[PDB]
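Quick notes on the structure that follows.
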Ligand SMILES: [Cl-]
Ligand SMILES: [Cl-]
Ligand SMILES: [Cl-]
Ligand SMILES: [Cl-]
Ligand SMILES: [Cl-]
Ligand SMILES: [Cl-]
Ligand SMILES: [Cl-]
Ligand SMILES: [Cl-]
Ligand SMILES: [Cl-]
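Chains as they are written, first to last, in our numbering: chain A, 1 to 298; chain G, 299 to 605; chain B, 606 to 903.
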């Protein structure tokens, strides 16, 4: 799994090679970048043939997207051998109630998160990497910033809590899993309530899910950060944007439309790669920003 | 004790426990056939203007020396020290009773750490389960002591029986839900104190609230007692009826409702012919399913109590 | 100041001598015990002559009551030389807005408290001893128990808080001091609000009072108990009652009506003294309880 650097979205062999040439740590194989996905009806997993061509074209890791909760799409990506699967909200959600139970898979997953509650639930489900996102395709960095701020402030507050108070937070975060059970009971003419000792997700009862989230939260509390790699995503369009996210605590960044939707892709890609690596060196970020050309509209 | 506590209780079942205020009454109770006596300075009917506390240990000892049957005594709810005193003088069983003036508004005595067995009152299943988890070796489905009106005792036994009948139709997961609801009463103090400090009246389930136990641990404890109740179809301890038993028919009625025995306070010594009355209630309790016997011992008993 | 034992209320030389004979650690000189005070219109400080006679009659410390907020009554007790002044709610309150500013006096004060908020405010004002009371004159121990329970549970919860959270509690407790200022502003046609930097009690602003309560609360947090001697009071009528309060954490007990309103005062007084000293010895409490006679009605 990738621990740092820039992950770029590519839609063909030429873009993947450019990404690898620019210094990307990995590429995200998809048929259409986020910006274009949002003209477009139902966005699904990309054709395995396209993903395999990109895999053959480069030496760095290749990732692919699958719809939220779409277990078979994920099993397919795992079968063709992608390095990491991204259960993304960029594509059209397939299961309105649950995300894939990622722990059962061998291939690692990266999941999006808007806040600590989402991150913890995603990590408990098995995510090996979190991408704190706001909204891809906009080219507006405010998205990623809002959520990284929310993520940092929540972890800072969690560190001031006793374990008992953290358990209380875990109990609050677990409630989302019982939405289906409550809706069903109501549909059967009964109160929209659930017993904490009845199975609701992958055989786990609400009480067991609470304990699972609690353990993840205790690690977050101990580390002062998420227990898995955390990249910022959505809105990164300039070298300064990438450097901003790194200063906010990100371990790396995802770039989709920002590069291939700009005037000089290869040039801008190198610059974002440089700014991410030298995020605390204003002169370098400044230099790589000179004469980059038109950025994505957004 | 553990096994010794329930051991004593099983030997009093099917009998009548009578309240006595002196050697003469205690003796009358014994010759009448009581299985045991409850020593106290004033019967519940008289208790109900001032503060009713534990009886002078000297009076209890005099009664213990006057009769060969076991002797019980009352202590105020939550009064750990009164209970410790009664245990030291050697009573056979302590009754943490609501007939006396409650001493602790938040908690009942933690009975499990005592050697002597306790009998506690209960108006419904929730109360019985909490008293039992606290250590009660015996339960008395109380009513309204001092009124001579059996309706209170009947109401609560009806509530107890119906709740147990509904509990048996539940899955273990559903029973846990009931245990969770029953445990909330223990967090009252914590919530009130938090509010007094300017914060939401809520509590964390892993913070200690009673005798070092957290809400979470209390729920598991109540859950285990409820499972026993479900398995047995009744309380896991001896359950006597108490309240307004004033006639032989009243005692027989409670037995038909499922009571293991009865407590009689004012109904005997606040009547015209104590000894005769006591004898009739004893026989009616032993032969609650014998209309002819119940009728027979009821004839020419004289005036009863009222209230 | 007294640190343990039994403080008894006496109304004459004979009772004081009995109290001293029984083993009291100190006596409370007053014209009428709490039980009788409540037939009775306005209850005030006792005649200095009666207090001086009791002082001469015994060798142990003598205390006297003064009305809440009655500074001159307190100065009088201090002038005749009482060992401790009890600003008690048993007497008719003299100042509806504030308690005496006890720090200015040389003689120590004992104040009542129903909960932690009251204890902290009283201690900040200068109290050298707190009596966690419920309601004297009733002979019903439930009063003292309720408040000792509230006191213990509040201190237990305070120990689980960070200093920042304790400051929040101090801020909440300080509000009571601004009641006068708010009432006055409203009477002048303006919003019932106050500025935290305006003087409201003894030259102290709300902000300074908050800091004062905060410091007291930090000591409570550090010690796991109040920073001054704490006796239980109100309702103690039997040796078992005294022993109960000691098991609940009290450093000692106050007894008023319980002794001289019973059948055998001297006998019952000795027994309560013994139970308080041997509160963890059931056999002794049991033995001293035998044949005590009639206790106070209540
Ligand atoms: Cl979620
Ligand atoms: Cl909780
Ligand atoms: Cl439940
Ligand atoms: Cl992080
Ligand atoms: Cl209860
Ligand atoms: Cl039963
Ligand atoms: Cl106050
Ligand atoms: Cl202000
Ligand atoms: Cl204390």
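Every residue gets a Cβ at the ideal spot worked out from N, C-alpha and C, and that includes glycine.
- Taking 8 Å as the CB threshold, residue 471 of chain G lines the interface with chain A.
- In this chain, the beta strand (DSSP E) harbouring residue 65 of chain A covers 62-67.
- If you look at residue 478 of chain G, you'll find it in the alpha helix (DSSP H) that goes 470-481.
- When the Cα atoms are used, residue 709 of chain B and residue 500 of chain G turn out to be separated by approximately 40 Å.
- By the 16-neighbour rule on beta-carbons within 10 angstroms, residue 188 of chain A is exposed.
- Against chain A, the beta carbon of residue 505 of chain G has neighbours under 8 Å at 164, listed in chain order.
- Taking 8 Å as the threshold, the shortest C-beta distance from residue 385 of chain G to chain B falls below it.
- Counting every other CB atom within 10 Å of its CB across the protein chains shown gives residue 413 of chain G a total below 16, marking it as exposed.
- The beta carbon of residue 217 of chain A sits no closer than 8 Å to any beta carbon of chain G.
- Linking residue 6 of chain A to residue 269 of chain A through their CA atoms gives a straight-line distance of about 9 Å.
- Your pair residue 648 of chain B and residue 695 of chain B checks out as a contact, with CB atoms roughly 7 Å apart and the cut at 8 Å.
- According to the DSSP secondary-structure assignment, residue 394 of chain G is paired through a beta bridge with G/373, G/418.
- Less than 8 Å divides the Cβ of residue 416 of chain G from the Cβ of residue 392 of chain G.
- By the Cβ test, the region 559-568 of chain G is in contact with the region 303-317 of chain G, since at least three Cβ pairs between them sit closer than 8 Å.
- Contact check for residue 548 of chain G against residue 556 of chain G fails: the beta carbons are separated by 8 Å or more.
- Using a CB distance cut-off of 8 Å, residue 698 of chain B does not count as an interface residue toward chain G.
- At a cut-off of 8 Å between beta-carbon atoms, residue 146 of chain A makes no contact with chain B.
- Contact of residue 474 of chain G with chain A is assigned, a C-beta pair being separated by under 8 Å.
- Secondary structure at residue 901 of chain B: coil, using DSSP grouped into helix, strand and coil.
- At a cut-off of 8 Å between beta-carbon atoms, residue 765 of chain B makes contact with chain A.
- When DSSP reads this structure, residue 230 of chain A sits in a beta bridge with A/130.
- With distances taken between CA atoms, residue 569 of chain G lies nearest to G/599 out of G/588, G/599, G/585, G/558.
- One Cα belongs to residue 524 of chain G, the other to residue 464 of chain G, and the distance between them is close to 12 Å.
- When C-beta distances to chain B are compared with 8 Å, the residues of the region 478-493 of chain G below that value are 487, 488, 490, 491, 492, in chain order.
- With respect to residue 435 of chain G, residue 307 of chain G sits close: the two C-beta atoms are nearer than 8 Å.
- The continuous alpha helix (DSSP H) containing residue 851 of chain B extends over residues 844-852.
- The alpha-carbon of residue 719 of chain B is positioned some 34 Å away from that of residue 171 of chain A.
- Distances between the C-beta of residue 175 of chain A and the heavy atoms of ligand 2 are all 7 Å or more.
- Taking the Cβ atoms as the reference, residue 739 of chain B lies roughly 13 Å from residue 842 of chain B, outside the contact range of under 8 Å.
- Straight through space, the alpha carbons of residue 688 of chain B and residue 682 of chain B are spaced by roughly 9 Å.
- Ligand 7 approaches residue 723 of chain B closely enough that one of its heavy atoms is under 7 Å from the residue's Cβ.
- Nearest to residue 167 of chain A by C-alpha distance, out of A/70, A/221, A/54, A/41, is A/221.
- Between residue 540 of chain G and residue 438 of chain G, the C-beta spacing is below 8 Å.
- In this structure, G/357 is the residue among G/299, G/489, G/357 with its C-alpha nearest to the C-alpha of residue 322 of chain G.
- Close CB contacts of residue 746 of chain B within its chain, under the 6 Å cut and outside five residues either way in sequence, are with 840, 846 (chain order).
- Relative to ligand 5, even the nearest heavy atom lies 7 Å or more away from the CB of residue 160 of chain A.
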